[PDB]
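# Working through the structure, step by step
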Amino acid sequence: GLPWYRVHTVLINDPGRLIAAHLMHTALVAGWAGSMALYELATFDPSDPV
Amino acid sequence: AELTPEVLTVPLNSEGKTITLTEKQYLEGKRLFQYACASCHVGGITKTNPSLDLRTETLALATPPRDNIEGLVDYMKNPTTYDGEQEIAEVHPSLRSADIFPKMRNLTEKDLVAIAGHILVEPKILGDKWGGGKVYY
Amino acid sequence: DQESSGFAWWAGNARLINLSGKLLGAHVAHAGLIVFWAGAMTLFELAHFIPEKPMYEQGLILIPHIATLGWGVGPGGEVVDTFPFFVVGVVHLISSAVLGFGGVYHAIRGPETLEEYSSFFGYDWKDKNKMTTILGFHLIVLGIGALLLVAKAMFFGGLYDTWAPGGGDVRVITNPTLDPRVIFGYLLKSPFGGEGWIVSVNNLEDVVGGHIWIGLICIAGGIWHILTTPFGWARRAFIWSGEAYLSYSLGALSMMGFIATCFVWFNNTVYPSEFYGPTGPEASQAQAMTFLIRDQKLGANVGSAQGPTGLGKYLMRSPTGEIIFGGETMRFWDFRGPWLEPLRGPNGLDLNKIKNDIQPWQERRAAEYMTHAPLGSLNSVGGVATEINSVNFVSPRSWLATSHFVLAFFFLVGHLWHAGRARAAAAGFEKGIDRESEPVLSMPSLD
Amino acid sequence: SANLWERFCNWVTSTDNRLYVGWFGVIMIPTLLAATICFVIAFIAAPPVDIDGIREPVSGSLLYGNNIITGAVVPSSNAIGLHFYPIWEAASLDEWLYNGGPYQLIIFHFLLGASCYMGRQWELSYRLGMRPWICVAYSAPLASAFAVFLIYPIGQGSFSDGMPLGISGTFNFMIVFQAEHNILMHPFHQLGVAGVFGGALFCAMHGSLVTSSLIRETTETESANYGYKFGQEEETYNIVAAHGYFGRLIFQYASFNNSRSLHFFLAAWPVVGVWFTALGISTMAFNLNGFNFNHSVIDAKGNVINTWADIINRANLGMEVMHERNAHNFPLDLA
Amino acid sequence: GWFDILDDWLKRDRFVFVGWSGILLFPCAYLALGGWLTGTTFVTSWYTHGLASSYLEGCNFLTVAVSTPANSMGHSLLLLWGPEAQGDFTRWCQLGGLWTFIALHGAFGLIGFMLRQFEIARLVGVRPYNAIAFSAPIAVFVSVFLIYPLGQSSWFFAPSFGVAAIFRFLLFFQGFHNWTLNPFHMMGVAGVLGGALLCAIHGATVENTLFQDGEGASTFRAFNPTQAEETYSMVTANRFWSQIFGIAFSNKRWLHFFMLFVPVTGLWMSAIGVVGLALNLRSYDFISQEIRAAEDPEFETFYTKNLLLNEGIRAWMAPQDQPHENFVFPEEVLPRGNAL
Amino acid sequence: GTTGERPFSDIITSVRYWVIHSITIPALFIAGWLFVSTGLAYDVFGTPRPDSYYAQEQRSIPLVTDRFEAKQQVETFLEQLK
Ligand code: CLA
Ligand code: CLA
Ligand code: CLA
Ligand code: CLA
Ligand code: CLA
Ligand code: CLA
Ligand code: CLA
Ligand SMILES: [Cl-]
Ligand SMILES: [Fe+2]
């Protein structure tokens, strides 16, 4: 059937699932941002800005 | 930026007197220097004894002084050690040993003067390069 | 007669595979070019040759070949008379015209084939007898030649022996080693460090001697082939065709090309450092010599001097205990040479001779060879790749060795190529797989 | 039994073996198994090797502080030079591993086998009724290994100067080479990179041209590869459409239309180029190095006017002046 | 409409196809090649690198080059009519204006050329895999001749157009970036070296697995320019390699795509590696190695050895390779082994 | 297999061509020769003549050290008889 590098072509004309995927992407990018922050706040030292 | 006769004015003898070479002698010397010296004295050094170079100053503190046409010429006929306390014509090319160093057979007093002049003119042009080794290449 | 409906243009000479006559013109015209070169080159060399100056410093490779045979030279390789050089050069140059004549003739006038215009000369590739016989003729011609050398050395003058007792000089060999145990011993010698195989010959007796054996053995086989046919195996083993024979001779030259490369690079005897330059190991040895000599004069005790690594600045030991020169030069402890031998003892370099038996001629020999190592650039600038322009020089040993490795190599390819073609030509598929009967399609699947 | 040996010879030469163990194979298969097994063991557990013969062991194995990129099998000692150093030439293995014994056992067996590998690449071609010469293409990469593992050492007088068996060890071989021979300024090397660059270029050329001019037989959502069946009669691409395109890219007569002339060029170019590169290393093994244009252009007074050729010399001096720190005792590097 | 007539004319099948692309390609492509050939013989690099760089001065085909601008210029585009040259031509030449000329022009010339491929492909109606492939050479030029110097102090550290002038770029990258030890460069060579293998191996495999379609030995004429049967036994080739190497192709469509992939992927990786060298984010050292080498003076790998070679390269080259820094390294500070 | 252009082969063979190019080709040649031999090229490209790299005594290089005042700085370099 579809080669591994083409599995996402399954959306080329399915506006619904195209929005559904992309929504997931944004979720991950938003998710990463939030949690990458927490990682820095858990390790950043404000004791000296100089 | 040229080889003016001003640059070709090198000390003839110990008593300050000088001689002025010509672009013909220079080139000729340079050619002869390659023919019988370059082999071991390429670029003013000494491959078979790096401690003694052809720097004018080095030749000045030699014994006797070899930093003038007369000096170098004498050397090319009867070579000595840096203190002059020993003749080395047997393991160094020279006129009195042309049988041992064929390259020195052709060489006539005219040729000897050119080679000597070359040795005094090069450092004038190249400067530090002439004396030093790979460091200055 | 022959055109595109034979072979392609760029494969033209293969259209002569079955035209004995014309194929003779080629070989006779070709053999002219070699004579032409040898001659025309010798005169070119001599035309530039400067007597009072080393041969290796003048880009000569033929005049030193003549010098070795004891011609125009004397004490220490001193050039006495340039006439033998001029002679050998002009003679060849002439014979090139003679050969060249025949070549051109046989290739554009004479019979295009030989078989009919004389059945003696005409031949058949598959004629196992004609082949073994012509081969037999040549095996004799080459055999006489091998003796032509033995004659020049023993009767007509001698050869240049660098090992000469009184110091390098033309010497008449009148005692050729004929002892087979010794002669053929060389062939059983290792080709690695130390035991050097053929390249390890170090005296003219063996050289002259060995050549006597070859001269005979060769003509012997020359007669044998005239009077015989290949046996059974000899026939069921080889391929009998015009190409196959070529190939066999191609791989043969290749192999000889490699052996020649190492001979001119390593051997001191049949390639005198007096005419050619100092050998690779010889020059590196000379540096050690030079500086051990220098510093020793400055009051340094060479025997106990300790270098940076704690190995021995000037002198150290080889893996088998012998005293050798120190430094990177430890790799060349297998070097032997006239100038250096008088310092060697029964255990290698003797600390006593080194301490007070060093002679001036050795000091300047070492200096000479040190400042004339076989290092140079394509554009002929002697020294290390970082050197400055001034000394225009590249050791003849370097030129010879490289040229002949390239040739030797390409010939081994030539071999493979013509041998691969011959095997396919024979069996008959050197032009493609039979569309119909495709061999592979009849074999079970390995999958 | 039709005759044991007769059978033996029929099996060996058999074209029905999964892997064609040939006659050359009979020498190949054992030599290559020795080389690989010794290598793998060396590279992982071998102890330090005094490569420069100056009692200054260089460890190049994993278990002794190395990683894949740095680790290597170190060349035999310089004290050994070109001498043959088989295990039975050492008082013990301990001595053999210290003098870089493994190196020789590997290079000799490999070079031997890799040659028979070529000999085999002929044999099978013979037994299958196909034209030879494939083995002649493989003669280029082999002739390099030879040049780098045997020719250069013979020329230089020692096996310690052969290319090491490792990543970083190879970079060492290169950097030093350049310093002592100025290879970048040598015709043979340039032809080599021409062949290699060109190769990759043409490899991309053909590759693209062909794949781009494939006859359609596949769906819009089906691998374009399936449009080919192993054992086809006709071609799988429009070599006339390919030439049509490429002929317009440059100009008609500067384009191939003959698949046979195309593929010959495709093979000839790299092989010929690499042949020269191998002859480069094999030529510079006798100190006939690259062009030396140091202090060529000088002005009217005699001053030295530098060129890029000079800037290269400085970089070279740095390598020269710094390689093999403690190995030199004298002025000129003649070894 | 004139447009369609302009089109009509351009897309006309001539000897040397012009096309819309040509309006960009030919002007640049010619100026780039022209500028090089000009500088190569006439312009100097004295005021820029203190180097003779043209035939007119005595340089030969190897030592000639169009050297980069001074380090003072910075990343200046160096326009003929810009603040530097100020409309003057001779000055422009002496300030290495010809570099950004060749660079920027040739850059667009490579855009045009790929566009051409794209345009000609479309017309001839073939797939654009010749265009995809050509992305690799673009990436290289862009990253090395533009992106790289854009990360450094100036154009001065970009590779100068010339034979020898490129060899120092190599040596520099070794000495300063230890480029050979970079994972991306390695992939690079793996692609080019391995790509030059596929080229050779496939070519030979075909020429020696051919069917006989003629009665001559020179089988070149024996080829059908008009398709039909496979000109070589794909079935025999498979069996050959399947027995000599253990692995073998069996899908010309894949075998040919692979040949596109390998060298194009290779060149792309080598590019990334350089894009990082712009920020000097190199793959210079292995920390675990250095720490042990510090504490333990007897630990020596072929890696440590190399780093010393770099030190020498940097110390002995930097003076005349970076004039604007007015370097002065006393003989005593110059790192050197024994005797040499 | 063809386009409008007149087959090179024919042209490179037409006596007319040579009657034209025997004049044209050498013309361009002698021109370029003169371009160099008259010293014009040196001025068109600011390329130093063998006697114009350094001043007699100076051994320093005329390195352009600042972008904006470069042209001016270059002119001054020609001043010291460089
Ligand atoms: C490769 C060497 C060679 C060979 C094999 C031949 C062979 C042949 N040539 Mg020939 N030829 C050669 C070189 C050679 N030629 C050269 C160099 C020339 C130019 C001078 C000619 C000029 C030539 C002509 C003009 C003619 C031939 C002809 C012929 C054919 C008739 C045979 C014949 O001439 O008998 C000749 C008689 C002999 C057997 C006596 C030769 C003895 C000589 C004088 C001594 C040679 C000494 C030798 C160099 C040293 C070997 C001795 C050593 C073993 C100790 C024959 C096929 C003829 C032909 O075309 O007919 C079909 C013919 O007309 N040749
Ligand atoms: C703008 C973002 C973007 C988007 C939306 C797409 C979308 C698409 N691309 Mg694509 N592509 C992009 C950028 C993008 N590409 C870039 C920058 C490149 C050059 C590197 C490519 C190169 C490319 C190729 C060569 C191909 C596609 C194909 C496709 C289509 C099929 C996708 C597929 O099934 O993958 C399958 C995906 C996986 C199963 C493998 C992913 C493995 C990756 C490489 C590992 C890395 C994962 C990691 C999380 C990525 C981090 C994201 C990073 C950017 C921050 C799809 C429409 C294919 C198509 O045309 O089919 C006919 C196709 O062949 N693309
Ligand atoms: C509710 C809306 C919202 C808000 C207020 C923010 C706010 C913020 N986000 Mg954020 N974010 C959101 C949604 C939002 N996000 C979503 C939905 C996602 C998932 C996709 C993310 C993913 C995300 C990440 C991954 C990160 C942030 C970060 C940040 C902070 C840094 C802001 C920054 O510099 O932006 C930069 C803004 C740009 C990238 C400029 C966009 C302009 C583009 C280039 C033009 C687009 C072309 C345009 C169409 C042309 C037409 C224009 C026309 C007028 C000409 C900031 C607090 C960063 C942070 O520090 O971590 C917490 C960070 O790393 N966000
Ligand atoms: C070693 C060099 C060499 C030699 C000796 C030959 C020899 C020969 N080739 Mg040949 N060939 C060579 C190189 C050589 N080739 C190369 C490099 C190529 C590739 C370009 C070819 C391609 C080639 C083809 C395609 C063909 C031959 C053919 C032939 C044969 C017929 C000669 C001929 O056609 O006369 C033609 C006569 C002339 C046009 C006159 C040529 C002028 C003469 C021969 C030279 C005179 C030499 C000198 C100046 C005068 C000396 C006189 C003095 C002694 C007094 C002949 C045996 C043909 C063949 O197969 O045989 C039937 C043939 O078809 N060759
Ligand atoms: C092969 C044996 C050989 C050897 C070892 C030498 C050696 C030497 N020759 Mg020499 N020579 C030879 C054959 C040989 N020659 C031949 C056959 C001729 C006739 C043309 C000459 C003509 C000749 C002359 C006229 C002179 C010399 C000189 C010299 C000396 C100086 C070397 C020189 O400067 O090289 C420099 C040469 C090169 C750097 C050129 C390299 C060429 C290579 C082989 C090209 C390889 C490219 C390849 C074939 C392309 C094919 C690929 C393609 C098919 C795809 C040197 C001792 C000179 C001398 O004696 O002065 C002291 C001198 O003036 N030779
Ligand atoms: C160079 C000229 C020459 C040529 C071309 C030939 C050619 C031939 N001779 Mg021969 N022969 C020659 C000179 C020559 N001979 C001389 C001078 C003599 C006198 C000693 C003989 C004596 C002779 C005899 C007595 C016989 C032949 C036979 C044959 C034929 C088969 C040989 C064979 O099968 O070898 C292949 C041999 C092998 C299967 C053994 C290979 C093992 C080799 C020898 C050792 C490994 C080689 C190694 C790589 C080299 C390293 C050097 C080594 C010393 C360490 C063949 C046509 C035979 C024949 O058919 O007669 C008509 C035969 O019986 N010859
Ligand atoms: C069409 C192909 C082409 C292209 C793309 C370029 C591109 C370029 N050339 Mg160029 N060049 C070409 C052909 C081309 N050239 C030809 C045929 C010649 C020989 C005559 C030259 C000769 C040449 C020289 C001598 C130089 C360049 C340079 C340059 C570069 C900078 C020039 C620039 O700033 O442009 C500016 C871009 C424009 C003028 C485009 C404007 C288009 C708009 C739509 C028109 C609007 C006009 C209107 C009046 C504006 C109203 C606004 C109002 C507020 C005033 C640039 C990369 C310079 C360079 O290399 O520096 C390093 C340089 O010195 N070129
Ligand atoms: Cl090192
Ligand atoms: Fe193909």
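Residues numbered from 1 in each chain as written, not as in the entry; some residues may be left out. Chains lettered and ligands numbered in written order. Part of a larger assembly, values for the part shown. Heavy atoms only, no water. Residues with missing side-chain atoms left out of burial classes, pairs and counts.

As recorded in the PDB header, X-ray crystallography is the method behind this entry, and the stated resolution is 6.56 Å.

All names here are of chain D. Together, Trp5, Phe8, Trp11, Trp23 and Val26 make up a nonpolar patch on the protein surface, roughly 550 Å² of accessible area in all. The greatest single-element share of the nonpolar patch, amounting to 3 residues, is contributed by helix 1 (residues 4–12). By the secondary structure assignment, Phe8 is in helix 1. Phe8 sits in the partly exposed class, given a relative accessible area of 38%. (Patch = residues over 30% accessible without salt bridge, like charges linked within 9 Å, V, L, I, M, F, W, Y side chains within 5 Å. Areas by Shrake-Rupley, 256 points an atom, 1.4 Å probe, with all protein chains shown as cover. Salt bridge = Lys/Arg side-chain N within 4 Å of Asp/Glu carboxyl O. Helix = DSSP H or I, 4+ residues; strand = E, 2+ residues; numbered from the N terminus. Buried < 20%, exposed > 50% of the residue type's maximum accessible area, 1.4 Å probe, protein only.)

Right, let's get into helix 2 (residues 19–41) of chain E. All names here are of chain E. For helix 2, built from 23 residues, the straight-helix expectation of 33 Å at 1.5 Å per residue is met to within 8% by its first-to-last C-alpha distance of 32 Å. Roughly 35° is the biggest bend found in helix 2, and it falls at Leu25, with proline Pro27 one to four residues downstream. If you check which residues of helix 2 are buried, you get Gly19, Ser21, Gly22, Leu25, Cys28, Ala32, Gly35, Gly39, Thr40 and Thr41. Against helix 1 (2–10), strand 1 (65–66) and helix 5 (97–124) lie the buried residues of helix 2. (Expected span 1.5 Å × (residues − 1). Bend = angle between axes of the 7 residues up to and from the residue. Contact = heavy atoms within 4.5 Å.)

Turning our attention to the interface of chain D and chain E. Counting residues at the interface gives 125 residues for chain D, matched by 113 residues for chain E. Of the roughly 10,700 Å² buried between chain D and chain E, counting both surfaces, carbon and sulfur atoms make up 66%. Where chain D meets chain E, there are 6 salt bridges. Across the pair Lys305(E) and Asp52(D) runs a salt bridge, and its minimum N-O distance is 3.8 Å. Remark: the boundary between chain D and chain E carries 43 residue pairs in polar contact. It is helix 8 (residues 187–212) of chain D that provides the largest number of residues to the side of chain D that touches chain E, a total of 17 residues. Taken together, the residues that form the side of chain D that touches chain E break down as 68 nonpolar, 41 polar and 16 charged. (Buried area = accessible area lost by both parts, 1.4 Å probe. Polar contact = N/O pair within 3.5 Å; in protein donor to acceptor, adjacent residues only side chain to side chain. Nonpolar A, V, L, I, M, F, W, Y, C, P; charged D, E, K, R; others polar.)

A word on the packing of helix 6 (residues 139–156) of chain D against helix 7 (residues 167–181) of chain D. Residue and element names in this part refer to chain D. It is at 15 Å that the axes of helix 6 and helix 7 come closest, and there the two elements cross at 40°. Here helix 6 is positioned oblique relative to helix 7, judged by the angle of their axes. Pair helix 6 / helix 7 crosses with left-handed handedness. On helix 7, the residues that touch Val148, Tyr152 and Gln156 of helix 6 are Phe173, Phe177, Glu180 and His181. Classifying every residue of the contact of helix 6 with helix 7 gives 4 nonpolar, 2 polar and 1 charged. (Axes fitted to C-alpha atoms, helices over the stretch in contact; angles between N-to-C directions. Parallel < 35°, antiparallel > 145°, perpendicular 65-115°, else oblique. Left-handed = near helix turned anticlockwise from the far one by under 90°.)

All names here are of chain C. Looking at ligand 6, there are 14 residues lining it, with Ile217, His225, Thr229, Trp233 and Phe238 nearest. In the environment of ligand 6, a nitrogen atom lies 3.2 Å from a nitrogen or oxygen atom belonging to the side chain of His225. Here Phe231 contributes a backbone N or O atom positioned 3.4 Å from an oxygen atom of ligand 6. Elements supplying a minimum of two residues to the shell around ligand 6: helix 4 (128–154), helix 6 (204–226) and helix 7 (233–237). Its residues placed into classes, the shell around ligand 6 shows 11 nonpolar, 3 polar and no charged. (Near = heavy atom within 4 Å.)

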